[PDB]
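Asks: Sequence first, structure after, both from an experimental entry:
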Amino acid sequence: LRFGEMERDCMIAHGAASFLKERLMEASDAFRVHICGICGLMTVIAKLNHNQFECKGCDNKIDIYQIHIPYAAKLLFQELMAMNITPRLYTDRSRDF
Amino acid sequence: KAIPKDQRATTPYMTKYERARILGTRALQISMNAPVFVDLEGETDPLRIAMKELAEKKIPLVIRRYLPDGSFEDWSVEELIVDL
Amino acid sequence: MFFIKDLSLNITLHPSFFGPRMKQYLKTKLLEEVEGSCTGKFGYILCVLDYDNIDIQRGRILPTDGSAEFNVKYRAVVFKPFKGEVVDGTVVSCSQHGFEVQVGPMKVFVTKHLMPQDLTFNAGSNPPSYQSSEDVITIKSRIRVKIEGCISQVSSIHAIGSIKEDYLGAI
Amino acid sequence: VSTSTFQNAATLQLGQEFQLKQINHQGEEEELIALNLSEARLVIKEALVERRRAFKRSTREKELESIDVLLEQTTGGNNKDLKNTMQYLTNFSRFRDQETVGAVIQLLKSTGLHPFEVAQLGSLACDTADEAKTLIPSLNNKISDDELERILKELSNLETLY
Amino acid sequence: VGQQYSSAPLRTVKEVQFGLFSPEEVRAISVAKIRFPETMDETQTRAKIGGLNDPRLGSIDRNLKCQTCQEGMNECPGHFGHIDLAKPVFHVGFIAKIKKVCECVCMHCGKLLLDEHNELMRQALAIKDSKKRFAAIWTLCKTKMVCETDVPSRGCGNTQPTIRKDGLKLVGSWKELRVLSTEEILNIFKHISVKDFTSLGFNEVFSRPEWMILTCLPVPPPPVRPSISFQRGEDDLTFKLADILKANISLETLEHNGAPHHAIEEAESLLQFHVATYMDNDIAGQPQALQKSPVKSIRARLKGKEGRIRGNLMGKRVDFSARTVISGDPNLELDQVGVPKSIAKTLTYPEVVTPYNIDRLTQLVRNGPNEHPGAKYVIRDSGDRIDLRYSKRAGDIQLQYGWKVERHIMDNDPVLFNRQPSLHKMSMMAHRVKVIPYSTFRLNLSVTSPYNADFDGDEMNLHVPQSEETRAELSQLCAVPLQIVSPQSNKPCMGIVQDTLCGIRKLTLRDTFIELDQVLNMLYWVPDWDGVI
Amino acid sequence: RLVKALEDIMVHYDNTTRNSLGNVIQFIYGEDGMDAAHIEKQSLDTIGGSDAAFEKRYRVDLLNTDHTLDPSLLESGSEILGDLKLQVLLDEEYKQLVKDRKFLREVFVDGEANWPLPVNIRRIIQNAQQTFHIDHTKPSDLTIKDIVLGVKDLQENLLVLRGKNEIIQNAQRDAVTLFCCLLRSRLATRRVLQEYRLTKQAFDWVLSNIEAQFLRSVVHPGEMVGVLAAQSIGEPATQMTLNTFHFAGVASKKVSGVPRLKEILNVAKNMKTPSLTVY
Amino acid sequence: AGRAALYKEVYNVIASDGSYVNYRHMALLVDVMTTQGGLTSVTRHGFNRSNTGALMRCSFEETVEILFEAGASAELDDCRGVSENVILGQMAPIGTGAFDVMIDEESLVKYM
RNA sequence: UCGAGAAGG
DNA sequence: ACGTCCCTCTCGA
Ligand SMILES: [Zn+2]
Ligand SMILES: [Zn+2]
Ligand SMILES: [Zn+2]
């Protein structure tokens, strides 16, 4: 069943944040991507049942992060990349404000 | 890294969202074999156990209320007022 | 060398631990990971200092997961070698290409090329050793070596040294 | 999860982490912590005696085995490094006593030479200043060969009866 | 099991930094160079080809692991390759801003047309904004068609043309008309001063203007361009990429062995186009490329109403959901909904095996997936699923704590109930479950108007949680009794209606009387009757 | 369009109403900081009516023989007639009640008195009489300075924004003004004894209940007023334009409405029915 | 002054069918349009041009268009918006996500 | 698995 | 350059 935009808004008005995440991550999509600490995009090779992480190009085997995001977003970021756009995912902030 | 426990502006009363997440978190935790500090009166449901912990105010949780600028005001469950 | 660094690390606890020896198992799990651990950045993190006055800070409860993460702060004894420092050590290995030297937690290897010309080798020795004009490098002798280069191998930073330059070798 | 912090040759050109100005754990520009073999062996020992006292709340090359049983109590045997380290330290330490070590630190830390040089000078026994400035390259002009040998000779008397 | 475990430290994204790819970074992260426009067509046999599709990209077959990260389909994210273009090529969404930069920089020296001396420009460069600064410079630079020598120095001082585009490329006129090739503007952009392009509206490392012209194109992995089994059948974007390489590998042999001016300038605007329609296939002029049919460009993949953002990320098709015809019930309580037996035996909630429900759960597990108070799966702490519907050990299975029992939803469970209009937060409330027969959602009579729902063929959505946190989320925030007083109109949104409303008037009259026998039946019908006559 | 433009907005932990940028839209949500569900259309008896009936209902003059409280309306009645040090507080009360009447006639210029306000006072004094069984023949046990001082001390505790500096205190003073003008209107000294017939315990219970129900009616920081406000006009517009009754010509101008909702939102300088109302 | 006439017009069309809506919702939308300096339209150009995050602005009308100017002008997303966490499968800073829950080890020993 | 049509609140 | 919301079915390369 579709939990569409119309239904999303009612949970926002209700303030049911933890549920809205569950209804949109445990009920569909969800993925375990490995992103580079340098460039925030999904280049890391995840040889995990051998324990070897690396990101050729910006060679590093130490600054890698696991993130939980919808596979439709992983698809979307990969789609923007094929259009030459870098949507770098950073696990920390800098703007403050 | 900025706030003092004597300079407190946010309301001393616990919001409906604070109670709802504290209850769910404790209930989720009790469901995961977490130690129950309240005296258990024969309950099979962790939500009721979490409500009993809230009634006797025996939850070790503490809310960090993030203000728009980046400040955060720490309020223990123990010290928050539950009217609602 | 040998250094004392103000490190930090984040551990995640399952909700079943939330009660008594909470502060203790965090301290225990901090040692279980960082003790005897080697990183390419800081080298051999050997000993966590001052177990008593160890900070714990508050623990953030995860979103849909019940676990909690703690930023633990600590001070430790570390050992990262460098290309150019002279270190003394005890010989361990002895092969046709050279000999390894136990300098602390780390093994440094010297090549037969990285030894002076008067240094010969005796494989038919019990134990096998490197003879010379007046000195002999036995299988367990004490030697002063200059680290020529270092390489970071997962969780064991190894090195290559020399005794060909002056003021190196004998003890 | 791996180790975090707050922020390469022996020619004072050390790592980015291992530079002179580095942040305190509270947050102040403090000098880097370099410690010679004797300065090290003692610091690990006193921190392991601290640990044995906390778990309770619930002469000659023969200290090798008394430290070996302490390491079997305080820390797990899953740490061959700290075992190999303490064996190496006690076998290569120039000063065994806390008083002699501190007196060494008094002499060394007045010259104002780089901490790594301070550590490497308390670890390696040198006679000629030509021998000293050659094994630790970073000196050369930092200390007078007479003044350096003045320290070397002062340090040679301060050596523990090993 | 789902997805395996990786030692990598988990975090959450906190900053999404948008930039541009440098054709060096594309070449650096790419596995191998895509050179053959073939799929599995080594000999159309078992393997793929070391040219396109899994030449170190990512597995195509179900029972085969990835050539790089040998992890296989589920958990393997797919890794990028690349195509080195024979000649630089404009970008579709940047073709406008590429023009707008040339209207500001020197077409000979690369400096700004008006630097840091002209009054209105210095009011403009002081605007420390973003594209609002870029707008002020572009208007105050497009007019001047020359540079300067000093005026009380700044270089050169050559003449600038009147540049306006032609669907695919740019032309400028001096006074003599000349077409501005891609390679030409590429050199102009790379010579733009480090201070100039940054103050224009770009970035020194994330978005350099020279990266709006593509020198190396990133080949996306098979997941975004999959292969269907109808003995196969590729995706439209796989077809389009073969067309790009076909136009590319020609222009390479044209410019090497041959040297005709018209032929090399011919296949270049073709490659300029195939890279263009690959991203957007809805351009100003342009034939809107068709392949034996149109073609779905990547912009159409991301376009609103559906397309990832609006239809896959802001709204998702979701598990643990139900929908059936609704009927009305006067004997049901307000804050509960009638769920058919069929739906309860299909929908599940995973209860962690804890010393409280262990006896209740073992009873349910050994009941079965077809008996009402039962369970469908039981998930061990070892992370594997035990299908109680088929497993040989299903009859016994001794339970352990820390396990999960995917048990049928039973009475007085929090669910989400929803009418399709969905306009007020009162159109989505939490109900108690009361498992009932017949195939309808039977809800209470007075919670009619908040949903705006009758029973003339109406259909309603039901969602069920899966965590104990989001059960509290529904029961403590979204429950029906809480919503009784609406904030939208500071008045209550539910009330007595129809038969209950017509009868309450016919009853509350002075003309109305009831005798002893029927009075007693009315009193017992009140649940909270004090037992006092 | 609405929902997508307002979702960001919510009530933050300092009662400011901000988007994702942190830009302030409202300094107190609803210009009073109150949740919408806890609000009911109350009546401000002080604005409407003749000035002559106003004195009959609120004025208490201890320095009089006809316009004083009869010692049958309360215990300290004959020992209070002519009390100079107390009549100064009676004047202070009646001077604030007259300030209210002029102040309300500034805001609601048309003379409307029924407006939505938190806490139903008329129901509280109703339940007080129903609970403590007040006898309208025996006199009250309240002093004159029990009522007026208890009401003044009640307003000090009716809090919306907690703060330190005068910026917050003076804006908090604004956030309550209306409800205080009603509180003064319903807890005038004459009213409390002459027609409410209250006792000391019953009147304390009323003050305690007013303080509590008010503190509940406050918004909860985290309320998603952004999408909530968008939804609040969304469902009506989905209705609306329920066509009935005919009249063209002016066609009652913008009786638009559903295309004016269009017109208003995208502004659009070309208006469909502009009209200057010259007074 | 224009703010009040804006509310007056939208109150007239809602109260054209009796209906009634509490002042706060309409004054919210009115202030939202107002608090900018002038009148900002509620369309793809009027409020969507704001300096907010790219990921929440593309989810309105102009989708791929904004994401292209984002890579060109090198934007950075705060993630403090609603629709960002939604796209990212993250618990939003909405209601129950407007705070964080911690545990006090002192309280853990306090309550035995 | 994409495009065209009919139908329910 | 936008041009409501979800549902159920059946037809074509
Ligand atoms: Zn990287
Ligand atoms: Zn792979
Ligand atoms: Zn020029």
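Replies: Yep, it's here. Residues are numbered from 1 along each chain as shown, chains lettered A, B, ... in the order given. Ligands and ions are numbered 1, 2, ... in the order given.

Asks: Residue E:522: which element?
Replies: helix E:516-525 (DSSP states H and E).

Asks: What is that helix packed up against?
Replies: Helices and strands touching helix E:516-525, as assessed by 3 or more C-beta pairs under 8 Å, 6 or more residues apart in numbering or on different chains; DSSP states H and E, are absent. Where C-beta positions appear, they are placed from N, C-alpha and C, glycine not excepted.

Asks: Report the contact partners of residue E:4.
Replies: By C-beta atoms under 8 Å, 6 or more residues apart in numbering or on different chains, residue E:4 lies in contact with A:48, A:49, E:71, E:75.

Asks: from the middle of its chain, how far away would the helix or strand containing residue E:300 be?
Replies: In the assignment (DSSP H and E), residue E:300 maps to helix E:298-302. Distance of helix E:298-302 from its chain centroid, counting by C-alpha atoms, centre = their mean, to the nearest Å, is 11 Å.

Asks: what about it and chain G, any contact?
Replies: Yes. Helix E:298-302 lies within reach of chain G by C-beta under 8 Å from any C-beta of the partner chain, at E:299, E:302.

Asks: mind listing what's buried in the longest strand along chain C?
Replies: If each strand of chain C is counted by residues according to DSSP state E, the longest one is strand C:142-153. For strand C:142-153, the buried set under the neighbour-count rule, 16 or more other C-beta atoms under 10 Å in any protein chain shown, comprises C:143, C:144, C:145, C:146, C:147, C:148, C:150.

Asks: again with stretch E:224-235
Replies: Buried-residue list, stretch E:224-235, by 16+ other C-beta under 10 Å: E:224, E:225, E:227, E:234.

Asks: again with stretch D:87-107
Replies: Residues of stretch D:87-107 classed as buried under the neighbour-count rule (16+ other C-beta under 10 Å) are D:87-96, D:100-101, D:104-105, D:107.

Asks: Beta-bridge partners for the spatially most central residue of chain A, please?
Replies: Residue closest to the average C-alpha location in chain A (C-alpha atoms, centre = their mean): residue A:69, at 3.8 Å. Going by DSSP bridges, residue A:69 is paired in beta bridges with residue A:31.

Asks: Mind telling me what element residue E:327 is part of?
Replies: Per DSSP H and E: strand E:321-329 holds residue E:327.

Asks: what's that strand packed up against?
Replies: strand E:336-340, helix E:341-346, strand E:441-444, strand E:459-463.

Asks: what separates the residue lying farthest from the centre of chain D from ligand 1, distance-wise?
Replies: In chain D, counting by C-alpha atoms, centre = their mean, residue D:58 sits farthest out from the average C-alpha position, at 33.5 Å. Distance, residue D:58 to ligand 1, using C-beta to the ion, to the nearest Å: 47 Å.

Asks: So that residue: helix, strand or coil?
Replies: When classified by DSSP: H, G, I helix; E, B strand; the rest coil, residue D:58 comes out as coil.

Asks: Closest residue of chain D to chain G?
Replies: Closest approach between chain D and chain G, counting by C-beta to the nearest C-beta: residue D:57, at 14.4 Å.

Asks: count of residues packed around residue E:105?
Replies: Residue E:105 has 24 neighbours, counted by other C-beta atoms under 10 Å in any protein chain shown.

Asks: Got the phi and psi for it?
Replies: phi -110, psi 170 (degrees, to the nearest 10).

Asks: now swap in the one 5 residues further on and tell me
Replies: Comment: the main-chain dihedrals of residue E:110 come out as phi 90, psi 0, following degrees, to the nearest 10.

Asks: Skipping adjacent residues, who's closest to it in space?
Replies: residue E:191 (3.3 Å; C-beta to C-beta, 6 or more residues apart in numbering or on different chains).

Asks: which one among the buried residues of stretch E:224-235 gets closest to chain B?
Replies: So of these, ranked by how close each gets to chain B (C-beta to the nearest C-beta), first place is residue E:224, at 35.6 Å.

Asks: Give me the contact list for stretch E:191-202.
Replies: Under C-beta under 8 Å, 6+ apart, the answer for stretch E:191-202 is E:101, E:104-105, E:109-112, E:125, E:130-131, E:133-134, E:137, E:189, E:204, E:208-210, G:72-74.

Asks: Likewise for stretch F:49-66?
Replies: F:45-46, F:67-69, F:80-84, F:86-87, F:90, F:93-94, F:97, F:101, F:144, F:188-191.

Asks: which residues sit in contact with the residue located most distally from the centre of chain B?
Replies: Most distant from the centre of chain B: residue B:69, at 23.4 Å, with distances by C-alpha atoms, centre = their mean. Counting by C-beta under 8 Å, 6+ apart, residue B:69 makes contact with A:97, F:22.

Asks: centroid residue for chain F?
Replies: Centre-nearest of chain F using C-alpha atoms, centre = their mean is residue F:179, 3.1 Å out.

Asks: tell me how far the strand or helix carrying that one is from the chain's mean position?
Replies: Element membership for residue F:179, per DSSP H and E: helix F:166-186. Distance of helix F:166-186 from its chain centroid, counting by C-alpha atoms, centre = their mean, is 9 Å.

Asks: how much space between the residue nearest to residue E:436 when sequence neighbours are not counted and residue E:261?
Replies: Spatial nearest neighbour of residue E:436, excluding adjacent residues (C-beta to C-beta, 6+ apart): residue E:338 at 4.2 Å. Computed as C-beta to C-beta, to the nearest Å, the residue E:338 to residue E:261 distance reads 80 Å.

Asks: In three-state terms, label residue E:217 for me.
Replies: Applying three-state DSSP: residue E:217 is strand.

Asks: Can you classify the residue lying closest to it once chain neighbours are set aside by secondary structure?
Replies: Among residues not flanking residue E:217 along the chain, residue E:83 sits closest, at 4.9 Å (C-beta to C-beta, 6+ apart). Following three-state DSSP, residue E:83 is assigned to strand.

Asks: again, but for residue E:133
Replies: Residue E:133 ends up helix, using three-state DSSP.

Asks: OK, contacts around it?
Replies: E:124, E:125, E:127, E:199, E:200, E:201.

Asks: Filter the residues you listed down to the buried ones, PyMOL style.
Replies: Applied in PyMOL, the following selects the buried portion of the contacts of residue E:133 according to 16+ other C-beta under 10 Å:
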select buried, chain E and resi 124+125+199+200+201
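
Asks: Kindly reformat the contacts of residue E:133 as JSON lines and extend each row with secondary structure.
Replies: Shown next, in JSON lines, are these (three-state DSSP):
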{"residue": "E:124", "secondary structure": "helix"}
{"residue": "E:125", "secondary structure": "helix"}
{"residue": "E:127", "secondary structure": "coil"}
{"residue": "E:199", "secondary structure": "helix"}
{"residue": "E:200", "secondary structure": "helix"}
{"residue": "E:201", "secondary structure": "helix"}
